[PDB]
Amino acid sequence: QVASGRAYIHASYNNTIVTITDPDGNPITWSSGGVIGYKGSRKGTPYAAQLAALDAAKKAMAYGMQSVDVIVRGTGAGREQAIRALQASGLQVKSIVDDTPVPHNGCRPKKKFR
Amino acid sequence: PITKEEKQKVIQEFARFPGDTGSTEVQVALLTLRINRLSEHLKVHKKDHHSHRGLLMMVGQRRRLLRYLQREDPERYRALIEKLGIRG
Amino acid sequence: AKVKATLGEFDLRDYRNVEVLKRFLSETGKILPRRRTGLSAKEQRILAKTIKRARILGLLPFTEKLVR
Amino acid sequence: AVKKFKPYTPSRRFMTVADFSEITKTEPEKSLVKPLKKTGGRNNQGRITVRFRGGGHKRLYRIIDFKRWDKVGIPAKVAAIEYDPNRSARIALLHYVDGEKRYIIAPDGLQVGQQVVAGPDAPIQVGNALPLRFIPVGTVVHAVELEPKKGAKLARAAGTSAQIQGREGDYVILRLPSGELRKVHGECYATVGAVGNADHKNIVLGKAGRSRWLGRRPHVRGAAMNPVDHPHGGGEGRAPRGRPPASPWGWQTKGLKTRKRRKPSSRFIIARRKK
Amino acid sequence: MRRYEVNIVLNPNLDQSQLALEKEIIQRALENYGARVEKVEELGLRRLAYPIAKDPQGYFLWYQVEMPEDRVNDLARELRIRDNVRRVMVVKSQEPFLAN
RNA sequence: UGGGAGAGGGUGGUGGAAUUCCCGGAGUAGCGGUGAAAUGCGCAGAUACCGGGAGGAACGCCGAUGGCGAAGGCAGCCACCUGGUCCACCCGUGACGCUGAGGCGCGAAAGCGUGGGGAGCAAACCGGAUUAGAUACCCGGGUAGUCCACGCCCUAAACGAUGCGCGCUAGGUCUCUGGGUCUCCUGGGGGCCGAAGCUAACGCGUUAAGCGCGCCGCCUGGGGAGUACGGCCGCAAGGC
Ligand SMILES: [Mg+2]
Ligand SMILES: [Mg+2]
Ligand SMILES: [Mg+2]
Ligand SMILES: [Mg+2]
Ligand SMILES: [Mg+2]
Ligand SMILES: [Mg+2]
Ligand SMILES: [Mg+2]
Ligand SMILES: [Mg+2]
Ligand SMILES: [Mg+2]
Ligand SMILES: [Mg+2]
Ligand SMILES: [Mg+2]
Ligand SMILES: [Mg+2]
Ligand SMILES: [Mg+2]
Ligand SMILES: [Mg+2]
Ligand SMILES: [Mg+2]
Ligand SMILES: [Mg+2]
Ligand SMILES: [Mg+2]
Ligand SMILES: [Mg+2]
Ligand SMILES: [Mg+2]
Ligand SMILES: [Mg+2]
Ligand SMILES: [Mg+2]
Ligand SMILES: [Mg+2]
Ligand SMILES: [Mg+2]
Ligand SMILES: [Mg+2]
Ligand SMILES: [Mg+2]
Ligand SMILES: [Mg+2]
Ligand SMILES: [Mg+2]
Ligand SMILES: [Mg+2]
Ligand SMILES: [Mg+2]
Ligand SMILES: [Mg+2]
Ligand SMILES: [Mg+2]
Ligand SMILES: [Mg+2]
Ligand SMILES: [Mg+2]
Ligand SMILES: [Mg+2]
Ligand SMILES: [Mg+2]
Ligand SMILES: [Mg+2]
Ligand SMILES: [Mg+2]
Ligand SMILES: [Mg+2]
Ligand SMILES: [Mg+2]
Ligand SMILES: [Mg+2]
Ligand SMILES: [Mg+2]
Ligand SMILES: [Mg+2]
Ligand SMILES: [Mg+2]
Ligand SMILES: [Mg+2]
Ligand SMILES: [Mg+2]
Ligand SMILES: [Mg+2]
Ligand SMILES: [Mg+2]
Ligand SMILES: [Mg+2]
Ligand SMILES: [Mg+2]
Ligand SMILES: [Mg+2]
Ligand SMILES: [Mg+2]
Ligand SMILES: [Mg+2]
Ligand SMILES: [Mg+2]
Ligand SMILES: [Mg+2]
Ligand SMILES: [Mg+2]
Ligand SMILES: [Mg+2]
Ligand SMILES: [Mg+2]
Ligand SMILES: [Mg+2]
Ligand SMILES: [Mg+2]
Ligand SMILES: [Mg+2]
Ligand SMILES: [Mg+2]
Ligand SMILES: [Mg+2]
Ligand SMILES: [Mg+2]
Ligand SMILES: [Mg+2]
Ligand SMILES: [Mg+2]
Ligand SMILES: [Mg+2]
Ligand SMILES: [Mg+2]
Ligand SMILES: [Mg+2]
Ligand SMILES: [Mg+2]
Ligand SMILES: [Mg+2]
Ligand SMILES: [Mg+2]
């Protein structure tokens, strides 16, 4: 195991997926609106992300994980809840940094996003 | 482009008198000089239609001047066009 | 707070002036608006053209992460 | 730029001919031609082993320099570009400052009067040959040796080229004309640029006789034959295939792969071809 | 003839004498394409704003030169051939433009 | 003559972001998607995370109510080639002008021919929903095509639904770009509000839709019909 690693929050309008990694970015454990038995729209709610992070942090802590640099991608409804969840779990959140992908005008969006 | 040196040669070689910068003769030679470097530019860049509009304007412009000099002096007219090789 | 005021005389065509230029970028690497830059219409176009060069030369960033 | 014909015969409607406008010399170097034994697709038993061959125009073979590492360091001048009836590419005649005269495949954009040279130090320049390990990544290359010193084997047909994509130890990664990605040894030679005469594919033979000039005798469909001849033979009236479409010899011919599976070059084929 | 600034970044992890062979090639290329060197500002190693060829830094050359306009494109290309030349940006020399 | 601003056009290069695919690592029970679902994908190891590679397209911030062009239209950055245009000096020619039936060139998208390219997107098409139906909207897929080169097609709410040139008739405000003596004065553009006046009204108003002159295009009730016949053009679609 390792003392400290990172924490990645992928959160869209449909779901929030949390994955804990190590220093080198390789994953240690993950969770999401599905791992806490939510199916469908319920997966995108802030409570869903809360449980998802808490389950993701708990699994990580049970691997010796102590500290986390928080990396957030997406604009989902459960984004800002998931961040609160990480600190409140017992993990020592060192930093929080947004890394959401944004095209410098790349590929044509699906009709739904124009 | 066209350097001021080459530009002064056409003014020199066509000025009706040392000092003349806007007579019909030096105007046509100045235009013929633009027209020909552009005619050669559009032989390479055939897709450059915007510059071709400018080519057409210079062409019409030179034609109107030559219509004026041929009304005043058909001897100044013939002499100028043979020194520039026009009329096809 | 305006950048142009907080800076003495400078050449906004020198693209190698990372020290002057890096002050015109946001915390995330974006070319600042005029409401932050204090440059005019003519100055801002020239600034942007030179910032853009330095980004290509690797002297300036295209984009940075947001830290909180 | 292929040349066309007015429809003054039924066949001239469609016939196109190469323009030949790059050719500077119209009879071959006498010291570099030899007789080309026509075969008619017959082997040494006398049996047809490749159907529908023969009857084409007489040809002299032109000896082509497919090594070039023969003469490392010796600049040659491009003396002429010539027609070669044995390949799709044109060929270029080099006058080496040695005095030696050789033919190579004429790459695209090569000009009479320029100089080419072979070797590790050769300028990255159309017509120069280098070992693949010294050609910078991304360079379009042709006449490529497939194993070091065994001779240029790849990309020799008119218009083709291979693109260098990366390196890996002694080997380079090529994208072949087929679109396959393959490891080829770094010490293998290749020539900068693509093969010329790229318009070759746009020629429209235009009439049956033109195929006969090339040695191509008519091809007869299996569905035109009788059962003794062919899987598709026979039947009253016309007939669909009535079985998976087959060759004369009975193997399937729509998709049945035929590369040998346990072939050692498999360790070097990264990606099969495309399209 | 027109004045241009030729910016060049090199492989930062070379030795000093390999670096010299690269500059010698640059110098000959400059010389062969009709360039007239006037200045030379060689700041060398500089950490970059982003990785270039998986390298956080690169060796920065710079030449204020004068050359015939019809050749700068070929020159800038011939410079790009060597793989250690990771960036080349020729730029028309301009009179400064100043604020304050 | 000397200056200037600009996504004006053409060619050759080249930079980063992102999506997709591929290889390696780490990792496991779902992911995706919706109004809610399902199809779909996923223990044959997906999603989410990291390293690597290939390839196409489009250029975030700057960026604007902005700029340029005759219009269509033009937006990373570098160089070459090329057009238009404005301003200062008042130096040259001496009415050389304006418009313009025909003609000729340019002409968004889509479409067409021949090669090439193909990541994303997506007519057609297939599937999942919804519904009485659902040949739709919503979802998961997906072929042309979107991209490049050359050659065609020549259409449009091709709009300011406002032809071009010139002269004349209050100003206020904002902005782009020049020049000066740098409050400001003065040019050339781009908007707003308004004098007089115009208008059926809405509205227009020194960017006229005001007052005038020149020349061109065009209208003459609706439907039939931009159809038919004829002619010309086009590979076709179809255009005039
Ligand atoms: Mg959901
Ligand atoms: Mg400078
Ligand atoms: Mg023909
Ligand atoms: Mg005919
Ligand atoms: Mg030929
Ligand atoms: Mg003999
Ligand atoms: Mg034989
Ligand atoms: Mg025998
Ligand atoms: Mg026998
Ligand atoms: Mg025998
Ligand atoms: Mg056979
Ligand atoms: Mg035979
Ligand atoms: Mg040949
Ligand atoms: Mg052959
Ligand atoms: Mg090999
Ligand atoms: Mg054919
Ligand atoms: Mg033959
Ligand atoms: Mg055949
Ligand atoms: Mg047959
Ligand atoms: Mg039969
Ligand atoms: Mg029969
Ligand atoms: Mg028999
Ligand atoms: Mg039998
Ligand atoms: Mg039998
Ligand atoms: Mg038999
Ligand atoms: Mg049989
Ligand atoms: Mg049969
Ligand atoms: Mg029979
Ligand atoms: Mg039959
Ligand atoms: Mg029958
Ligand atoms: Mg029969
Ligand atoms: Mg059957
Ligand atoms: Mg069979
Ligand atoms: Mg077999
Ligand atoms: Mg293959
Ligand atoms: Mg290089
Ligand atoms: Mg001037
Ligand atoms: Mg994997
Ligand atoms: Mg299933
Ligand atoms: Mg298993
Ligand atoms: Mg690809
Ligand atoms: Mg005067
Ligand atoms: Mg006078
Ligand atoms: Mg069109
Ligand atoms: Mg189109
Ligand atoms: Mg097409
Ligand atoms: Mg596709
Ligand atoms: Mg269905
Ligand atoms: Mg449906
Ligand atoms: Mg129902
Ligand atoms: Mg039903
Ligand atoms: Mg769809
Ligand atoms: Mg899709
Ligand atoms: Mg696909
Ligand atoms: Mg409009
Ligand atoms: Mg109209
Ligand atoms: Mg009109
Ligand atoms: Mg305008
Ligand atoms: Mg105004
Ligand atoms: Mg009134
Ligand atoms: Mg009236
Ligand atoms: Mg009113
Ligand atoms: Mg009003
Ligand atoms: Mg008004
Ligand atoms: Mg006004
Ligand atoms: Mg009518
Ligand atoms: Mg009518
Ligand atoms: Mg119509
Ligand atoms: Mg009609
Ligand atoms: Mg008709
Ligand atoms: Mg009409």
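Worth knowing before you read on, the calculation uses all heavy atoms, side chains too, and leaves out hydrogens, waters and symmetry mates. Residue numbers begin at 1 in each chain, while the letters A, B, ... track the order of the sequences.
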Round to a whole Å and report the spacing from CZ of C:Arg53 to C1' of F:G16. 17 Å
Nucleotide nearest A:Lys110 when distance is taken to its side chain, options F:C49, F:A122, F:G72: F:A122
Between the protein and nucleotides 111-115 of chain F, list the N/O to N/O atom pairs that are separated by less than 3.5 angstrom.
| residue | atom | partner | partner atom | Å |
| --- | --- | --- | --- | --- |
| F:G115 | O3' | D:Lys201 | NZ | 3.1 |
| F:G115 | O2' | D:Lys201 | NZ | 3.2 |

Quiz item: C:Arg55 side-chain donor-acceptor pair to F:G60 base, under 3.5 Å: yes
Taking the 3.5 Å cut-off for both atom pairs, check whether F:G187 pairs with F:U220 as Watson-Crick or wobble. no
Of F:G117, F:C62, F:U82, the nucleotide closest to the side chain of C:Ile31 is F:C62
Same-atom distance (P) from F:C182 to F:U186, integer angstrom: 14 Å
Donor-acceptor pair under 3.5 Å: do we get one between C:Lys52's side chain and the base of F:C62? yes
Check every atom of F:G60, F:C80, F:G120 against the side chain of A:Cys107 and return the nucleotide holding the closest atom. F:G120
So if I take every side-chain heavy atom of B:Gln8 and compare against F:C176, F:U1, F:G178, which nucleotide ends up nearest? F:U1
F:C138 and F:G32: how far apart are their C1' atoms, nearest whole angstrom? 15 Å
Candidate nucleotides F:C96, F:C80, F:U47, ranked by approach to the side chain of A:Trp30 - the nearest: F:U47
Nearest of F:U34, F:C78, F:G60 to any side-chain atom of C:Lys49? F:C78
Is C:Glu43 reaching over with its side chain to a backbone N or O of C:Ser40, donor-acceptor style, under 3.5 angstrom? yes
For D:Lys3 and D:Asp19, what are the C-alpha separation, side-chain angles and deciding distance, and is it a salt bridge (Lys or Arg N to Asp or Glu O under 4.0 Å)? CA-CA 6 Å; D:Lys3 153 189 171 191; D:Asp19 62 336; over 6 Å; no
Is there a stack between B:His45 and F:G10, judged by ring centres under 5.5 Å and planes under 30°? no
Pull out every protein N or O sitting under 3.5 Å from an N or O of nucleotides 149-157 of chain F, one pair per line with the distance.
| residue | atom | partner | partner atom | Å |
| --- | --- | --- | --- | --- |
| F:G151 | OP2 | B:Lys47 | NZ | 2.3 |

Give me the distance, rounded to whole Å, that separates F:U169 from F:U175 when you measure between the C1' atoms they each carry. 26 Å
Which atoms of nucleotides 37-39 of chain F (N or O only) lie under 3.5 Å from a protein N or O atom, and what are those distances?
| residue | atom | partner | partner atom | Å |
| --- | --- | --- | --- | --- |
| F:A37 | OP2 | A:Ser41 | N | 3.2 |

Closest to the E:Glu69 side chain: F:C81, F:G16, F:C91? F:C81
Under 3.5 Å for both distances, do we get a Watson-Crick or G-U wobble pair between F:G94 and F:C31? no
By the 4.0 Å heavy-atom rule, please label D:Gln163 as base, sugar-phosphate, or nothing. sugar-phosphate
Ignoring hydrogens and geometry beyond distance, is the side chain of B:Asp48 in donor-acceptor contact with the base of F:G9 at under 3.5 Å? yes
Identify whether F:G210 and F:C121 are a Watson-Crick or G-U wobble pair (both distances under 3.5 Å). no
From the options F:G83, F:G32, F:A79, select the nucleotide whose nearest atom is closest to the side chain of A:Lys43. F:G32
Distance between the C1' atoms of F:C147 and F:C166, in whole angstroms? 48 Å
Please determine, for the side chain of A:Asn15, which listed nucleotide (F:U34, F:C31, F:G60) has the closest atom? F:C31
Nearest to the A:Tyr8 side chain among F:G13, F:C50, F:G32, which nucleotide is it? F:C50
Return yes if the base of F:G8 and the side-chain atoms of B:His49 contain a donor-acceptor N/O pair under 3.5 Å, otherwise no. no
